[PDB]
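**Student:** experimental structure and sequence below.
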Amino acid sequence: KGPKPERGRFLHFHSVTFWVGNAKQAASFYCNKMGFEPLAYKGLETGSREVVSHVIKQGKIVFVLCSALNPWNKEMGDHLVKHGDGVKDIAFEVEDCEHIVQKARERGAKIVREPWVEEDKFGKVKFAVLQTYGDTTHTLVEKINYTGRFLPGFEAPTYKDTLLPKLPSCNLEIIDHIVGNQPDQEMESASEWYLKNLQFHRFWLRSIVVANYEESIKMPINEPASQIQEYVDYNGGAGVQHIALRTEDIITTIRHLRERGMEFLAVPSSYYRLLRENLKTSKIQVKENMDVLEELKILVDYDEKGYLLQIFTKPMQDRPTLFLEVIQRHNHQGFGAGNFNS
Amino acid sequence: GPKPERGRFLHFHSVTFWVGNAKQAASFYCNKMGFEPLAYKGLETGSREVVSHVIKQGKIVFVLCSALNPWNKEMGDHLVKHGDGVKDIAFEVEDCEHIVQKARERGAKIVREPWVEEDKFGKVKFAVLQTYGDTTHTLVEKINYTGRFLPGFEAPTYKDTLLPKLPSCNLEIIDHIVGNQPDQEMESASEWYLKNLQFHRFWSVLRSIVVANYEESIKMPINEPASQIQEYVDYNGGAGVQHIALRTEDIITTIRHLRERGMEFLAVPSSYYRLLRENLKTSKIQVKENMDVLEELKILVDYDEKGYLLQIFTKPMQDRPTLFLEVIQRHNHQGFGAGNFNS
Ligand SMILES: COc1ccc(-c2c(S(C)(=O)=O)ccc(C(=O)c3cnn(C(C)(C)C)c3O)c2C)cc1
Ligand SMILES: COc1ccc(-c2c(S(C)(=O)=O)ccc(C(=O)c3cnn(C(C)(C)C)c3O)c2C)cc1
Ligand SMILES: [Fe+3]
Ligand SMILES: [Fe+3]
Ligand SMILES: [Fe+3]
Ligand SMILES: [Fe+3]
């Protein structure tokens, strides 16, 4: 686990910022199909002339959908052309932002944006931006006084989707893990970035999972050994492969996501055949009805106390890059290890 | 004017959109605007550069396209320049080759010379012409083509299980597509159609010219700033499609069902309905549709007193103030809502 960082603390995942072709429509999609609700907005009517942001939320999970407002936006434009719709930033909520940044800077990290504070009638938030793998960044968020719904400069949603209230709740709670795919031979250095610059440790296809000291933030890093390489080809470099969202009841979550029209990967019925006979001879017993798990196409993986339940959406875009995961944990910490093979 | 010797522009065949995320765009138009998945072309069918989701409602066909690879020059530039928007407006035609011949000789730029595609379900001949801005027209001439859409396009690769639980919007056919032009460019843009395709000026009753095929099944309004048209041009990066109007035979049911899906439309002052009610008193047309429900739904009314139309606009389809949609219903009336600016 290494030494306990003397200063600073990464509390949790604060938000995930997506740079997409059409933020409005991306926001419509994640709300309707994945159970998110509109939280806040920033764009032409709030005085924001370069970038639009639609902020949506479910449980603790905050996704931010961004688009350029102007033709020939260099940085957002290049990224859009390069990656397609995908993750730009992984935000962490922290204690002592200034020290985390000092430390990261000393150790070699590139500071994209030096610490800054933004305030309203609701209080102050301190921010800083660092560069991780590929074009992916981390925004550090340190709330001082704050009482606001999301962040300073973001107004109430400009819009409303009247269908949202009529669709069933998906009950997704919090971000469990966010995976970063790397080019050939860049897994060590991508992960070393966290070990050195942020004082993470190794928590736990070629993979390595890094985690903050208290292990509230988990970030798997993969390299090809290939699915990963396909990712890289279509992403044109390193980036987020999947986001895992945790639920406390995956049967209800997947039933409601499926009712909303979300599609998941196919699982052959022999998976369940094997799973049932494997389970007979073992310590662990799955609480969730096996007949319904199989109907729903949920995967199970188990150790000697616990078991995870997990399931993977179809890609969020036509490029074979980003997808989502829904996971439920029963005293287990592994990641789908067994199901990966089958 | 004179009927053109050879060729016919039967109908709007479909509208191709070039978009950041084809799959999510197809999701949006299906769920919110009532379209259904019709066909697909992408990695699974052997199309390696371009992905296409084809969706349909009544006779309206929208094609949603994205590049599959990093650094697509043409589609990448288009997307950075315009955002999500219309790339191509297909016309189904008779006698593709002579239409193209005629346009070639009167000076039109042929983006793609006539060519034929063949599927096991038949043959289709295509041609591509360049119109305003980056917008093209694809000519489609079908030779007993019996497939779901066009050769090379297969079954929709997937499903959206919510679609059948949502109510029918009953949109029938494209009524008109408007192109906004930069300052001083209406004349040029409209002229292209009179000379290269042998359209004529369409009359009825911001600057605008309506242009239309002989038979008047195709109507393309051309706008120019006086301003909203300039705002469009600012955010679009140049000329392009401002709005697509979709005809319905029952706008009350259409707009009730679109609002139930969560689509949003423009705000209409309640005094508009005060003054429409007052005016209709001394008017020789009488509106069939219940006025109190029209007001509830924020539908607009225009009437020359031989007939009338009913009209309503979506919010933008994107965050840039470029493209939006129109739902229209016609009752013996050929105008386009002119009186409603002023209302
Ligand atoms: C997109 O084609 C595929 C292939 C495998 C998975 C897949 C499967 S599957 C569906 O094939 O059975 C099982 C577990 C995990 C999963 O989340 C995993 C595996 N390693 N890690 C770590 C964190 C170590 C990277 C994960 O997070 C994954 C990604 C998902 C989609
Ligand atoms: C503020 O955003 C909007 C949206 C629609 C109009 C708007 C209005 S509204 C309310 O503002 O008055 C009335 C009719 C039409 C309409 O479709 C129209 C007018 N001319 N043509 C032609 C064919 C001549 C271009 C049309 O197609 C349109 C686009 C105006 C502003
Ligand atoms: Fe339910
Ligand atoms: Fe995972
Ligand atoms: Fe109804
Ligand atoms: Fe119109």
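**Tutor:** Good, I have the coordinates. Residues are numbered from 1 along each chain as shown, chains lettered A, B, ... in the order given. Ligands and ions are numbered 1, 2, ... in the order given.
**Student:** on the three-state scheme, the most centrally placed residue in chain A is what?
**Tutor:** Nearest to the mean C-alpha position of chain A, by CA atoms, centre = their mean, lies residue A:243 at 3.7 Å. Secondary structure, DSSP: H, G, I helix; E, B strand; the rest coil: residue A:243 is strand.
**Student:** contacting residues around it?
**Tutor:** Going by CB atoms under 8 Å, 6 or more residues apart in numbering or on different chains, residue A:243 touches A:16, A:87, A:175, A:178, A:179, A:322, A:324, A:325. Bear in mind the C-beta positions are built from the backbone N, C-alpha and C, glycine included.
**Student:** if you set the cut-off to 6 Å instead, what comes out?
**Tutor:** A:178, A:324 (CB atoms under 6 Å, 6 or more residues apart in numbering or on different chains).
**Student:** now it, which residues is it bridged with?
**Tutor:** Counting by DSSP bridges, residue A:243 forms beta bridges with residue A:178, residue A:324.
**Student:** with residue A:66 instead?
**Tutor:** Beta-bridge partners, per DSSP bridges, of residue A:66: residue A:19, residue A:53.
**Student:** now it: how far from residue B:110?
**Tutor:** According to CB to CB, to the nearest Å, residue A:66 and residue B:110 sit 39 Å apart.
**Student:** what secondary structure does the nearest residue to residue A:320 once chain neighbours are set aside sit in?
**Tutor:** Distances taken as CB to CB, 6 or more residues apart in numbering or on different chains place residue A:234 nearest to residue A:320, at 5.2 Å, with adjacent residues excluded. Three-state call for residue A:234 (three-state DSSP): helix.
**Student:** pretty sure residue A:98 is in a helix, no?
**Tutor:** Yes: counting by three-state DSSP, residue A:98 is part of a helix.
**Student:** what about it, how many neighbours?
**Tutor:** Using other CB atoms under 10 Å in any protein chain shown, residue A:98 has 15 neighbouring residues.
**Student:** try residue A:284
**Tutor:** Residue A:284 has 15 nearby residues by other CB under 10 Å.
**Student:** tell me which element it is part of?
**Tutor:** Using DSSP states H and E, residue A:284 sits in no helix or strand.
**Student:** counting neighbours, what do you get for residue A:158?
**Tutor:** Neighbour count for residue A:158, taken as other CB under 10 Å: 18.
**Student:** can you tell me the closest non-neighbouring residue to it?
**Tutor:** By the measure of CB to CB, 6+ apart, the closest residue to residue A:158 outside its immediate chain neighbours is residue A:41, 4.9 Å from it.
**Student:** and the one residue in the stretch 1-150 of chain A that gets nearest to chain B, backbone torsions?
**Tutor:** Nearest residue of the stretch 1-150 of chain A to chain B, counting by CB to the nearest CB: residue A:21, 1.2 Å away. Note on residue A:21: its backbone torsions stand at phi -70, psi -40 [degrees, to the nearest 10].
**Student:** so who does it touch?
**Tutor:** Taking CB under 6 Å, 6+ apart, we find residue A:21 in contact with A:85, B:20, B:21, B:84.
**Student:** coming back round to it: quick check: the residue nearest to residue A:320 touching residue A:322?
**Tutor:** No: between residue A:234 and residue A:322 there is no contact under CB atoms under 6 Å: 10.0 Å.
**Student:** neighbour-wise, which of the two wins?
**Tutor:** More crowded of residue A:234 and residue A:322, by other CB under 10 Å: residue A:322, with 24 against 20.
**Student:** pull the number of nearby residues for the residue lying closest to the more buried one once chain neighbours are set aside.
**Tutor:** Spatial nearest neighbour of residue A:322, chain neighbours left out: residue A:316 (4.9 Å); criterion: CB to CB, 6+ apart. By the criterion of other CB under 10 Å, residue A:316 has 25 neighbours.
**Student:** how about the contacts made by the residue of chain A lying at maximal distance from its centre?
**Tutor:** For chain A, the largest distance from the centre (CA atoms, centre = their mean) belongs to residue A:281, which lies 35.7 Å off. Listed by CB under 6 Å, 6+ apart, the contact set of residue A:281 is empty.
**Student:** how much space between it and chain B?
**Tutor:** 37 Å (CB to the nearest CB, to the nearest Å).
**Student:** just residue A:244 next, same as before
**Tutor:** Residue A:244 is 20 Å from chain B, by CB to the nearest CB.
**Student:** that residue contacts residue A:327, doesn't it?
**Tutor:** Yes: with contact defined as CB under 6 Å, residue A:244 reaches residue A:327; the gap is 5.2 Å.
**Student:** any shared contact partners between the two?
**Tutor:** Joint contacts of residue A:244 and residue A:327 (CB under 6 Å, 6+ apart) are residue A:176.
**Student:** so who does residue A:314 touch?
**Tutor:** Shown in contact with residue A:314 (CB under 6 Å, 6+ apart): residue A:263.
**Student:** now do the strands in the stretch 51-200 of chain A.
**Tutor:** Using DSSP state E, counting those that start in this stretch, the strands of the stretch 51-200 of chain A run over A:51-58, A:61-68, A:86-95, A:111-120, A:123-131, A:137-143, A:172-181.
**Student:** JSON lines for those, including distance to ligand 4 and mean neighbour count?
**Tutor:** Formatted as JSON lines, those follow (distance: least, CB to the ion, whole Å; neighbours: other CB atoms under 10 Å in any protein chain shown):
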{"stretch": "strand A:51-58", "distance to ligand 4": "18", "mean neighbour count": "23"}
{"stretch": "strand A:61-68", "distance to ligand 4": "15", "mean neighbour count": "24"}
{"stretch": "strand A:86-95", "distance to ligand 4": "15", "mean neighbour count": "22"}
{"stretch": "strand A:111-120", "distance to ligand 4": "27", "mean neighbour count": "13"}
{"stretch": "strand A:123-131", "distance to ligand 4": "24", "mean neighbour count": "18"}
{"stretch": "strand A:137-143", "distance to ligand 4": "19", "mean neighbour count": "22"}
{"stretch": "strand A:172-181", "distance to ligand 4": "5", "mean neighbour count": "22"}
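**Student:** out of these, which gets nearest to ligand 1?
**Tutor:** The closest of these to ligand 1 is strand A:172-181. By CB to the nearest ligand atom, the value is 5.0 Å.
**Student:** which element is the residue lying closest to residue A:154 once chain neighbours are set aside on?
**Tutor:** Nearest non-adjacent residue to residue A:154, counting by CB to CB, 6+ apart: residue A:40, 3.9 Å away. Taking DSSP H and E as the criterion, residue A:40 maps to strand A:37-42.
**Student:** repeat for residue A:301
**Tutor:** Assigned by DSSP H and E, residue A:301 belongs to strand A:299-302.
**Student:** report how many residues lie close to residue A:249.
**Tutor:** 14.
**Student:** residue A:19 too?
**Tutor:** Counted with other CB under 10 Å, residues neighbouring residue A:19 total 26.
**Student:** what of residue A:110?
**Tutor:** Using other CB under 10 Å, residue A:110 has 13 neighbouring residues.
**Student:** what's the closest non-adjacent residue to it?
**Tutor:** Nearest non-adjacent residue to residue A:110, counting by CB to CB, 6+ apart: residue A:131, 4.3 Å away.
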